[PDB]
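Protein chains in written order, with the authors' numbering: chain A, 25 to 301; chain B, 25 to 300; chain C, 25 to 300; chain D, 25 to 299; chain E, 25 to 301. This report concerns only the one structure given below.
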Amino acid sequence: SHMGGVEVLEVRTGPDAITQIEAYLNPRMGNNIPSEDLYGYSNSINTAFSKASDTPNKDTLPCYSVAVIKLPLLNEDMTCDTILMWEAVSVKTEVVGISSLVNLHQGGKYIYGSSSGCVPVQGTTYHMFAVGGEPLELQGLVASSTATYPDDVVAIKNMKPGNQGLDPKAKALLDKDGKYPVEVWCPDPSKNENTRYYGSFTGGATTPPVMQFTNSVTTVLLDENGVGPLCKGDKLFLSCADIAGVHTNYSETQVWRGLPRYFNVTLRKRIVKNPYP
Amino acid sequence: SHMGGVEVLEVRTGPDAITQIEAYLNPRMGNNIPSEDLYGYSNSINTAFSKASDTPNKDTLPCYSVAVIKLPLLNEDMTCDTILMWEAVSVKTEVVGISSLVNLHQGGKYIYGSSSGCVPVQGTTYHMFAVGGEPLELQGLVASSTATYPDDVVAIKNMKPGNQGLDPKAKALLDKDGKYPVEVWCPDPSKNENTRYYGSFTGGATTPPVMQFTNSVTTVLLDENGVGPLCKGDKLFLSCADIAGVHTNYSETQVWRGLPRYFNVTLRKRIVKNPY
Amino acid sequence: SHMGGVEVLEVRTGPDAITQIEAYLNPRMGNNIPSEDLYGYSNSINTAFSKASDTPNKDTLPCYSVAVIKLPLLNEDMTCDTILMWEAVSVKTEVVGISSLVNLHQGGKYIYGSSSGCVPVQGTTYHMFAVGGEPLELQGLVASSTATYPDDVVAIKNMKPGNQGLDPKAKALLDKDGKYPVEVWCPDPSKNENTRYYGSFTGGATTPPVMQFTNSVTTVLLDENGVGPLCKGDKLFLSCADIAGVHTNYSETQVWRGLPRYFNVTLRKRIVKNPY
Amino acid sequence: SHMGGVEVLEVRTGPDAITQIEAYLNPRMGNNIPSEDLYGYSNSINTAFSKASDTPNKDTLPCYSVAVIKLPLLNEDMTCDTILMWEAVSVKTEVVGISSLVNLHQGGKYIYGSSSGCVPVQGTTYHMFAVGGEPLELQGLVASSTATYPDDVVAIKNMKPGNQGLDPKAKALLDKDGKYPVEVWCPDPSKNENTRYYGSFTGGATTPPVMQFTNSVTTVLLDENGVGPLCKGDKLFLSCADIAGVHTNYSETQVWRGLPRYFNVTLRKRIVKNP
Amino acid sequence: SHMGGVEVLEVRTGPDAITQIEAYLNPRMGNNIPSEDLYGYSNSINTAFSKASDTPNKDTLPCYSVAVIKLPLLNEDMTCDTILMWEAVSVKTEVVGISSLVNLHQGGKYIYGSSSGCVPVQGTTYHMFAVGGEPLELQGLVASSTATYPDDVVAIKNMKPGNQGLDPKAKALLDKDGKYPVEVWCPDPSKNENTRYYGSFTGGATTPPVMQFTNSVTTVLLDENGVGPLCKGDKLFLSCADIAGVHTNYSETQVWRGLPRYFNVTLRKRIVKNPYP
Ligand SMILES: [Ca+2]
Ligand SMILES: [Ca+2]
Ligand SMILES: [Ca+2]
Ligand SMILES: [Ca+2]
Ligand SMILES: [Ca+2]
């Protein structure tokens, strides 16, 4: 016999330089307050009278969700040659409540006749998430520049037909939860150096939604130079939109259905040359 | 000539540190007892009168399957510095009876007219499995908070419109076979550190189902720290739901159709620092 | 100025320890004899009167194909400590006649109206192959236990509603070509240690079929322990089912359409501890 | 400072042992001659009267394309113990004219009504290519053995119901351009040792076609023994069929639409023991 | 304790040998001028009277976009045995405005009835981009040689039924923005040695569009010999076409919808044996 190693499993505290945060963001489909009957859905989609006259009603436009996570304070002040910053290195994220769509008894349009189950959520889907050290930078682009957007959303200022394409003046920050419509704003690829975003769109009138879920998948956030998002002011920005599709009522009115998203982000303390004047 | 090695194939009894279990879980679509005529299917889906009035009939709601496999006993003493635990390291799993869907003679809605084959199982599908060292932890979220769930399923306590999104109070453990509805409960990603789960959903009214089967594929259960699920009290929890779609009757009533799932899990004995 | 190697291409005969076999399996959709007008298709699918009364006509049920290939004999003496066995290490396989589906002039239902081409083969597809050193082990599972299967197919003995799920009593060996219905039998994932199988299913009433073909792809048959199927009694079992979809007649009666599959298997001699 | 390497870009001519060939093959959908109005398409698909009476009209059947590329001559006398042969080692291939399908103004069946765009090419698609050192070897298999094929195509000799499955007597070589129907002939997997073929099929009546194009992709032609097709008689065989779908006319008659394929093949000289 | 390395994050200059450019190209669907109401869309697609009489209206034909980016001047003149050239080595590219398609209120054809949402953009899609050191080389091929193309597009000269297949005389350079119709011209695979192009097509009358967006993906532009496009005259050519599908009006007339594309290209200075006579 001899002395040798055996690997024992035990609870390990990570080093002090590493932290994990967890958060969930509830959808902002238009009914955005938990007490509302249609929480998690938009109001009925009202369609344009004409191109000239297209006025979506209040709460009919799905908007991005965003949360700002306050991270542990790293610096006494900002006066040294270097400072400490949290660097986001990886994320596990999941759309929660996918199985809620496996429901054919909810009141709606019938698949066949009134003896059958009801048509489930389907049609256009849009799933995106972002993790950044500052607000996600947005580019404005719309289907129609003559749409009149309601007061409670942030739309493009002085919208003109050029906004049906890319006008570099149409830019915003995703700095408010449930205020920036998905149909008006998309991530700005000419910026976002300090954010990672990922998105998937499938269109079509009645297309079946497709979603996966697992707790086994991690997305590494390091860029091509091996650096993750660096959290300015010790703030982590989590952004998403998860439009599952539309639910159709028996009367054939339709409402958008959104689902919440969970994030679990690992961050590490980094020494960084002081970027603050 | 010289002495050399030649590899002879033989039945190897694995080292005592390793074990394998096999199990199958029958679906729990609502007719959950093998003596029932519609075993493997739900009863006819009854749809809501109104949002205010939505009362699914008993046995119309597909539920998760769960089995608890008792593993060989490891510790006759639970008071030492360390104890032994089974660590689940990999799994092979397969949906069984996929070929049973390849059937156009079963009575139902006709594809074209009364001379044609009948519409096979189609529509929404949902396939998930979990392997864990304790019950799968669940998060409640429903399409409508005003549904009244029957007393033979576990649903969200004190359900309110907030349950149409994520309310962190709506939590449960998958600790009962065939009692937790799929449409109410999903895996809770904020917990489940000691479980691995995998799921795939495709919706739509009439979507063709798509399924693969092979005995060549293994999923490794080790997490990012190289550790698999650790089986508390020497119990392995296997969970799943395999909704293949709906079958439509000639009358156009529809029933969910589920399929069984087979698991083959490899585990190894680990020395673990005692939690007590 | 120097002696050096140059690679010359020549016909190389493999080492004695390696052999290759080629085979093809014709489809067994119901018309299973090449003299039959509808060879390679089933007869018209007849649908159930009711759940209680579901009697598929003879030759309306697609069945698995199987071929047993005799390999060179290895052991004249079966009494030593070890014996030799053929180990299947890789397979190249192809569904043949895919291009025969690229045909819109064949009589049937019209795509648009009587001036258009005819609806091609489409709907439910099922493609599987297995390579093993013994018959593929099957599990019985049906869509309906009240179906009465005809006497020219092997069905589940003493069928009960429990056979709509997984009943471990409902087991068989794929040991007859064109007799085991696809809709009754699937590979048994709890056995088949000595076989590798691979299957793909897409359902739906009218789904477009999708198929690839190439002679550039090989599948390795080695399991997790680096061991391929071992051919008991020097017999190699090839199994498959390749249902391309259904053809629809102008009358709207429907028939299954199957395609042949080709196999090319490489095997190597192994020394194996003598079981008997 | 020190002597060191710096990489300068310049035109490099490959070694004498390596050569590249380019070719394109136009589709043979039935209208196979460039001066014909429907060049690149079949004639209207005429459907069977009955299973017994199924006679496709002339030029309604898409056929494989094949080109023989004559490579530089390698051997003076074929009586040496070894000879030289060209070995095809890689290919870049592309379906050309994919963008021609992005056309909703072409006359035809309307998507919604007479104010809308016209239904584009869709339905059954079939894309294959082969690169080999001899003709592609074909297996016959048909949907129906009682079809009567036209005189201008090569069909299965003495067709029988057995030809609805695999009959090993039904074999042919793809040695004539626009003569071997796709619906009769497929690559024979039991042969073709000296060829590489690749195919993709999607069926269905009205299925959307899906196609990719890029100049960044190369397929290596070496087999599991590290050897590519060897060009017998210094001849390279290029084969394909690229059926994009069917076009539907206002009258609802339908025609197959094919697209051309480009090939770029790299070959190297090899010393080969004389057959 | 000992002297050891610690990795500090800072803004790094990047060598003088490397440069990055960014650009966006707006779609050229037919309404190509920002002031036009239907900017970003074609005019209504008018269909042929017959095969012999097929005359698409002005501005109904989507065309390729192209931009020429002027890079930093590298050489005093072209008189030396070797010159410096920019070599494009990688690109990040994104279709901008994908989220704008997540809009069911825009006027149009109804999904179910006048109470429901409107049918979103769907049907034929075509997405391609190219990065090159000279104009993309094009091959002409049409669905019908008897179509009459408008004066304001570059069509195949002396079109004949042979142009329904590949005729080697039907060749062009993509050297004008919004002039070369997608349905006439495709990348010429027999040339384009000095360009990298990538394309995806999905046809069908009503097919749901599918698009991804992320800022985490880079395409390497080096060929099989390890060489990227070399920029002749210090000009980088960016080409694309991004047809999202068609929008259908209530009247059932249809228009093509295109979306802008962003490019971020990384280039390096190379010594090149002088190719200019
Ligand atoms: Ca920038
Ligand atoms: Ca947690
Ligand atoms: Ca077993
Ligand atoms: Ca052979
Ligand atoms: Ca060339």
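Yeah, the Cβ is synthetic: ideal placement off N, Cα and C, and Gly gets one too.
TODO: Compute every distance between the C-beta of A/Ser214 and the non-hydrogen atoms of ligand 1, then say whether any falls below 6 angstroms.
DONE: Along the first sequence, one-based indexing puts residue 214 of chain A at 190. Because some heavy atom of ligand 1 lies under 6 angstroms away, the Cβ of A/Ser214 counts as near it: yes.
Open item on the list: At the level of alpha carbons, what is the spacing between C/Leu33 and B/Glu111?
Closed with: The residue given as residue 33 of chain C occupies position 9 in the third sequence. The residue given as residue 111 of chain B occupies position 87 in the second sequence. Near 52 angstroms, if we compare the C-alpha coordinates of B/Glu111 and C/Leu33.
Task: Closer than 6 angstroms: A/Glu46 CB and nearest ligand 2 heavy atom - done: Your numbering for residue 46 of chain A matches position 22 in the first sequence. A/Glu46: yes, Cβ under 6 angstroms from ligand 2.
Open item on the list: Which of the three DSSP states is assigned to E/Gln130 in this structure?
Closed with: Numbered from its first residue, the fifth sequence carries residue 130 of chain E at position 106. Here E/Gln130 sits in coil by DSSP.
- [ ] Tell me the start and end of each unbroken beta strand (DSSP E) in the region 33-98 of chain C that is at least 3 residues and wholly inside, in chain order.
- [x] 42-49 and 89-94
Task: Cα-Cα separation between A/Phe287 and A/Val241, rounded to whole angstroms - done: Position 263 of the first sequence, counting from 1, holds the residue named residue 287 of chain A. Position 217 of the first sequence, counting from 1, holds the residue named residue 241 of chain A. Cα to Cα, the separation comes out at about 12 angstroms.
TODO: Measure the C-alpha to C-alpha separation of A/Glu217 and B/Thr231 and round it to an integer number of angstroms.
DONE: Along the first sequence, read from residue 1 onward, the residue named residue 217 of chain A stands at position 193. Along the second sequence, read from residue 1 onward, the residue named residue 231 of chain B stands at position 207. It is roughly 40 angstroms from the alpha-carbon of A/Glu217 to the alpha-carbon of B/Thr231.
TODO: Using a Cβ-Cβ cut-off of less than 8 angstroms, give me the residues of the region 45-64 of chain B that come near chain C, in sequence order.
DONE: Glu46, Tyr48, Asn50, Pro51, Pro58, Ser59, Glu60, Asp61, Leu62, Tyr63 and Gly64
Open item on the list: By the three-class DSSP mapping on this structure, what secondary structure does C/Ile107 have?
Closed with: Numbered from its first residue, the third sequence carries residue 107 of chain C at position 83. Strand, per DSSP.
Open item on the list: Would A/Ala91 and A/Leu49 be called neighbours here (beta carbons separated by less than 7 angstroms)?
Closed with: Here residue 91 of chain A refers to the residue found at position 67 of the first sequence. Here residue 49 of chain A refers to the residue found at position 25 of the first sequence. Yes.
- [ ] Determine, using beta carbons only, whether A/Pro213 and E/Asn239 come nearer to each other than 7 angstroms.
- [x] Here residue 213 of chain A is taken as the residue at index 189 of the first sequence, counted from 1. Here residue 239 of chain E is taken as the residue at index 215 of the fifth sequence, counted from 1. Yes, Cβ-Cβ distance for A/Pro213 and E/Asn239 is below 7 angstroms.
Task: Test item: CB-CB of E/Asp105 and E/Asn249 under 7 angstroms - done: Working through the fifth sequence from its first residue, we reach residue 105 of chain E at position 81. Working through the fifth sequence from its first residue, we reach residue 249 of chain E at position 225. No, the Cβ-Cβ distance between E/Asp105 and E/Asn249 is not below 7 angstroms.
Open item on the list: Can you list, in chain order, the residues of its chain with a C-beta nearer than 7 angstroms to that of C/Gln130? Leave out the 5 residues immediately preceding and following it.
Closed with: Stepping through the third sequence from its first residue, residue 130 of chain C is reached at position 106. Result list for C/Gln130: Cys142, in chain order.
Task: Beta carbon of E/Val178 nearer than 7 angstroms to that of E/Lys195 - done: Along the fifth sequence, read from residue 1 onward, the residue named residue 178 of chain E stands at position 154. Along the fifth sequence, read from residue 1 onward, the residue named residue 195 of chain E stands at position 171. The answer is no: Cβ separation not under 7 angstroms.
Task: Beta carbon of A/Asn67 nearer than 7 angstroms to that of A/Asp78 - done: Looking up residue 67 of chain A in the first sequence gives position 43. Looking up residue 78 of chain A in the first sequence gives position 54. No, Cβ-Cβ distance for A/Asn67 and A/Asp78 is not below 7 angstroms.
Open item on the list: Can you pull the chain B neighbours of C/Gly186, defined as C-beta to C-beta under 8 angstroms?
Closed with: Residue numbering aside, residue 186 of chain C sits at position 162 when the third sequence is read from its first letter. Here the neighbours are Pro58, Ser59 and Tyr63.
Task: Neighbouring residues, chain C, relative to B/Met235 (Cβ below 9 angstroms) - done: Along the second sequence, one-based indexing puts residue 235 of chain B at 211. Near B/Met235 (Cβ distances below 9 angstroms), the residues of chain C are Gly223, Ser224, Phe225, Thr226 and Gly227.
Task: Residues near A/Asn273 in its chain [Cβ-Cβ closer than 8 angstroms; skip 5 each side] - done: As a position in the first sequence, residue 273 of chain A is number 249, starting the count at 1. So the list reads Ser68, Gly131, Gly132, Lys133 and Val279, once near-sequence residues are dropped.
Open item on the list: Measuring alpha carbon to alpha carbon, tell me which residue in E/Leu128, E/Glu46 and E/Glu118 is nearest E/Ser138.
Closed with: On the fifth sequence, residue 138 of chain E is found 114 positions in, with the first residue counted as 1. Looking at the Cα atoms, E/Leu128 is the closest of the given residues.
TODO: Answer with buried or exposed for D/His271, where buried requires no fewer than 16 other C-beta atoms within 10 angstroms of its C-beta.
DONE: Taking the first residue of the fourth sequence as 1, we reach residue 271 of chain D at position 247. When all chains shown are included, D/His271 counts as buried.
- [ ] Return the CA-CA distance between D/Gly156 and D/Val244, expressed in angstroms with no decimal places.
- [x] Here residue 156 of chain D refers to the residue found at position 132 when the fourth sequence is read from its first residue. Here residue 244 of chain D refers to the residue found at position 220 when the fourth sequence is read from its first residue. Distance between the alpha carbons of D/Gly156 and D/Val244: 13 angstroms.
Task: Reduced DSSP secondary structure (H/G/I, E/B, other) of A/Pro211 - done: In the first sequence, the residue the question calls residue 211 of chain A occupies position 187. DSSP places A/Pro211 in strand when its eight states are reduced to three.
Open item on the list: Here's a check: name, in chain order, each residue in its chain whose Cβ is nearer than 8 angstroms to the Cβ of residue 305 of chain C, leaving out the five neighbours to either side.
Closed with: Nothing can be reported for residue 305 of chain C, as the shown portion of chain C is limited to 25 through 300.
- [ ] Output the boundary residues of the beta strand (DSSP E) element that contains E/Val30.
- [x] One-based indexing of the fifth sequence puts residue 30 of chain E at position 6. No beta strand (DSSP E) holds E/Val30; DSSP gives it neither H nor E.
Task: Opening and closing residue of the beta strand (DSSP E) in which B/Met152 lies - done: Residue numbering aside, residue 152 of chain B sits at position 128 when the second sequence is read from its first letter. Start and end: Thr149 to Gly156.
Open item on the list: Beta-carbon within less than 6 angstroms of A/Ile135's beta-carbon, same chain only, minus the 5 sequence neighbours each way: which residues are those?
Closed with: The residue labelled residue 135 of chain A in the question sits at position 111 within the first sequence. Excluding its 5 nearest sequence neighbours in each direction, A/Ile135 has C-beta neighbours in its own chain below 6 angstroms: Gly141 and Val143, listed in chain order.
- [ ] Would you mind reading off the limits of the beta strand (DSSP E) that contains C/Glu248?
- [x] As a position in the third sequence, residue 248 of chain C is number 224, starting the count at 1. C/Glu248 -> no beta strand (DSSP E), and no H or E assigned at all.
Task: A/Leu165 in three-state terms, based on DSSP - done: Within the first sequence, numbered from 1, the residue matching residue 165 of chain A stands at position 141. Coil, per DSSP.
Task: Distance between D/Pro58 and D/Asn187 (C-alpha atoms, nearest Å) - done: Within the fourth sequence, the letter at position 163 stands for residue 187 of chain D. Within the fourth sequence, the letter at position 34 stands for residue 58 of chain D. Approximately 34 angstroms between the Cα atoms of the pair.
Open item on the list: In this structure, how does DSSP classify A/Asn187 when only helix, strand and coil are distinguished?
Closed with: Counting from 1 along the first sequence, the entry for residue 187 of chain A is found at position 163. Look at A/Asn187 here: in three-state DSSP terms it is helix.
Open item on the list: Counting only C-beta atoms, is B/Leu198 closer than 7 angstroms to chain A at any point?
Closed with: The count along the second sequence starts at 1 and reaches residue 198 of chain B at position 174. No, no contact with chain A.
Open item on the list: Would you say C/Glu161 lies against chain B (beta-carbon separation less than 7 angstroms)?
Closed with: Looking up residue 161 of chain C in the third sequence gives position 137. No, C/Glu161 does not count as interfacial toward chain B.
Open item on the list: B/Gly269 and B/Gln163 - do their beta-carbons sit closer together than 7 angstroms?
Closed with: Translated into the one-based positions of the second sequence, residue 163 of chain B becomes position 139. Translated into the one-based positions of the second sequence, residue 269 of chain B becomes position 245. Contact flag unset, no.
Open item on the list: Can you check whether the C-beta of A/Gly131 is within less than 7 angstroms of a C-beta belonging to chain B?
Closed with: Sequence index remark: in the first sequence, residue 131 of chain A carries index 107 (1-based). Taking Cβ atoms only, chain B reaches closer than 7 angstroms to A/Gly131, which makes this a yes.
Task: Amino acids of chain B, ordered along the chain, whose beta-carbon sits closer than 7 angstroms to that of A/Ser139 - done: Position 115 of the first sequence, counted from the first residue, corresponds to residue 139 of chain A. Per Cβ cutoff of 7 angstroms: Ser275, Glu276 and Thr277.
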